[PDB]
Amino acid sequence: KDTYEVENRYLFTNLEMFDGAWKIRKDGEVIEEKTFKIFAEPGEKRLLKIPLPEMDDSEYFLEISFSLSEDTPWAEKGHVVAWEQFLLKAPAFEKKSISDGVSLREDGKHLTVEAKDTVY
Amino acid sequence: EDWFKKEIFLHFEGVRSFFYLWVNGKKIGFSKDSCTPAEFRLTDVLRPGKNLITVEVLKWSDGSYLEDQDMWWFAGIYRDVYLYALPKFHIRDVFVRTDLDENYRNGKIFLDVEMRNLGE
């Protein structure tokens, strides 16, 4: 969950040329962003350690991305060349006992069901 | 004379297989199915006292192509005919349905009443 293996598949490019970033998303919204650099020659595999926070019953998702450190003839600083995402933790589902009532009215052509301020 | 403060209808219960209708020389229309009724409103083309009803009946029609039952081919006004009068404002159609509870004990009645106005 905290350990990730990066593999450089460029023929003639070191991964040091790119700005690394990782983000953690709680139920879709983010909560933690960090930048990093990683040295890896063409072909090489390198490990990446990501400290994780204590996590409540929400659903957590990591996203790891590389971008352009500075402008290029074909694109501007920050442009994203590669990303991958992973489920950290699934969510805990709640189930709630409902005590409140529901009415019902039958007529020739309709069944009517009332609950709070909604009629079906 | 007391019929003309009301709406008058000419009802054929059955005719096989096609027929035209004239009233007092004039052409009211036609009808094709041999086993359901034909009804005409005649309040406008009818006069107090003596009135002439003329009916032309054909044995074979395009309606015969759907009446190829394993049975004798007959023809002619083979069910009752009659006139009757309703108030200007009258009950055109009724649909009565009935439900029964899960135990088949208690009942519900579902009533549709269609009304029709003609100058009331």
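The residue numbers shown here are sequential, starting from 1 for each chain in the order of its written sequence. They can differ from the numbering used in the entry, and residues that have no coordinates are not displayed. For this description, chains carry letters from A and ligands carry numbers from 1, given in the order in which they are written. Every figure given here refers to the displayed chains, which form just one part of a larger assembly. The side-chain values count all of the structure's non-hydrogen atoms but skip hydrogen atoms and water molecules.

Its PDB header attributes the entry to X-ray crystallography and lists the resolution as 3.7000 Å.

For chain B, the name recorded in the PDB entry is Beta-galactosidase, with Thermotoga maritima MSB8 as its organism. The record lists its title as "Structure of beta-galactosidase from Thermotoga maritima".

In the nomenclature of the PDB entry, chain A is known as Beta-galactosidase of Thermotoga maritima MSB8.

> Quick question: what am I supposed to make of the sheet that holds strand β1 (residues 7-12) of chain B here?
Through backbone hydrogen bonds, the strands of a sheet pair up, either in parallel or in antiparallel fashion. Residues and elements named next belong to chain B. Being paired, for any two strands, means DSSP has found at least two bridges between them. Helix and strand definitions here come from DSSP, where helices need a minimum of 4 consecutive H or I residues and strands a minimum of 2 consecutive E residues; each element is numbered from the N-terminal end. Spatially, 3 strands are ordered β4-β1-β6 in an open sheet, and the strand pairing comes out antiparallel. Every interior strand has two partners, whereas the edge strands, β4 (38-41) and β6 (81-86), have only one. Strand-to-strand twist of the sheet, defined as the mean angle between neighbouring strand axes without regard to direction, takes the value 25 degrees. Here β1 runs beside β4; their pairing, made up of 4 bridges, is antiparallel. Residue pairing for β4: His11 is matched across the bridge by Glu39. Structural elements are reduced to axes, namely lines fitted to C-alpha atoms, with helices fitted over the stretch in contact, and the angle between N-to-C directions of any two is expressed from 0 to 180 degrees.

> Would you mind showing me how to read the packing of aromatic side chains here?
Pairs of aromatic rings are described using the distance from one ring centre to the other and the angle between the two planes. All names here are of chain B. Stacked, tilted and edge-to-face are the three classes applied to pairs of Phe, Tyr and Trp rings, where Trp contributes its six-membered ring and a pair requires centres within 6.5 Å; stacked means planes under 30 degrees apart, edge-to-face means over 60, and tilted covers the rest. The final tally for this structure, using the stated rule, is 12 aromatic pairs over all chains. An angle of 55 degrees between the planes, with centres 6.0 Å apart, marks the rings of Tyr82 and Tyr84 as tilted. Judged by its relative accessible area of 35%, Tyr82 falls in the partly exposed class. Only protein chains enter the accessibility calculation, which uses a 1.4 Å probe. A residue is then buried if its area is under 20% of the maximum for its type, exposed if over 50%, and partly exposed in between. Overall, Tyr84 belongs to the partly exposed group, its relative accessible area being 26%. Grouping aromatic residues by their ring pairs yields a cluster made of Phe18, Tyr20, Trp22 and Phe30. A ring has a charge above it when a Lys NZ or an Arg CZ is no more than 6 Å from the ring centre and no more than 35 degrees off the ring normal. Here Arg97 stacks its cationic end above the ring of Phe95, 5.6 Å away from the centre of that ring.

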